[PDB]
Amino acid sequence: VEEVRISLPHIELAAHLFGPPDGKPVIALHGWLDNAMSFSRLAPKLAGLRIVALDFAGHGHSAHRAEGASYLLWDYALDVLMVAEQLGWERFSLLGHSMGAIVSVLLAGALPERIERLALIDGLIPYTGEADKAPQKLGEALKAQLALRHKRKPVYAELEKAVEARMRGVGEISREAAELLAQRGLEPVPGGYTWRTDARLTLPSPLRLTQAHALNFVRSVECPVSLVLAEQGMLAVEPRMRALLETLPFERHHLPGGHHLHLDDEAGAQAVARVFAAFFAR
C-alpha cells in the first residue's frame, strides 16, 4: 500500500507513502498549489525515513474543504495533526517546502511536544501584516469573498500546454518538475485538463500574522531545524531574511538552484538529500 486516502473528521486527504514502515516517521508538506509529487525525486533518496507525502486540502488528490471553510495556515496545521492522529504518531518529523515549511514552523512552535525535527526547503515564515493595515486587509478579504463566485478556472486542450502553463506560473521550475506535478495535479474536463484547485486558495487572509507573531513562532521552535536555502530563490535573496536567520540556531545550507531545487532535477534532489540524510541520522 503506497497510495492511501486518510479520513479525518472533517475532510479526506490523499497521501503517497515512501520508505520502510519501521522508518523514522515524517510528514512531507508541499508548497502552495503544488502536491505530493513535489517530493517524488527527494523522498526515495531519504532511506530510513517513513515519509507520508500529504496532499494539502484543495491540492493534488485531497478533497476540497466543505462550503464556507477557510484555507488559512493554521487550518492546514490542524489537518496535519489529525493526520498524525490517524497514523498513531505521537512525535514525528516534518519535511516542508515553501508554504509547507511555513506550516511546519507554526506546528513546531505551537506544539513543540509533537515535533521531533524540521527539514525545511526555501521557506520559513509567512508574509506578515501590521495592525495599522489590518482593517484595510480585512475589507479586502471580505470583498474578495463576495467576488469569489465569479472566479476563473483555466482549461488546456492538451497535456504539454498545461505543463508549460505551470513552468511560467508562480515560480520558475523545470519541465520535468512541471511534468511530475502534473501527474497528480491535472483533472480531466470537457475539452482537456485543468490544474485541480479550489478558487478559495487565491483569497487573501482576513488577518495576517504581524512580524512579532512570526518572530515568536520561530523563537518558540524547540527541536533541531535544517533549512535549505536556494541561491536563486528569493528567500535567500532577501536581506531582512539573512539578518533574521543569523539570530536563529537553525542549520543553514545554501545550495545552487531555484525555489523548487529539490524537484527541478536529480542533481538538486541529490544535493538536498545529502543535507537531510545527515540531519536525520543525528
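Numbers follow the displayed sequence, beginning with 1.
Stretches 190-198 and 86-94 differ in mean C-alpha B factor, with the higher average recorded for 190-198. Between 213-221 and 39-47, the higher mean Cα B-factor belongs to 39-47. When the C-alpha B-factors of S62, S70, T247, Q232 are ranked from the entry, the top spot goes to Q232. The PDB entry gives the largest Cα B-factor of the residues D79, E130, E172, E113 to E172.
Annotation for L263: C-alpha temperature factor in the highest third relative to the rest of the modelled chain, per the entry. Among the modelled residues of the chain, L107 sits in the lowest third by CA temperature factor in this PDB entry. In this PDB entry, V272 carries a Cα temperature factor that places it within the highest third of its chain's modelled residues. Sort the chain's modelled residues by C-alpha temperature factor and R184 lands in the middle third, per the entry. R117: CA B factor lies in the middle third for its chain, per the PDB record.
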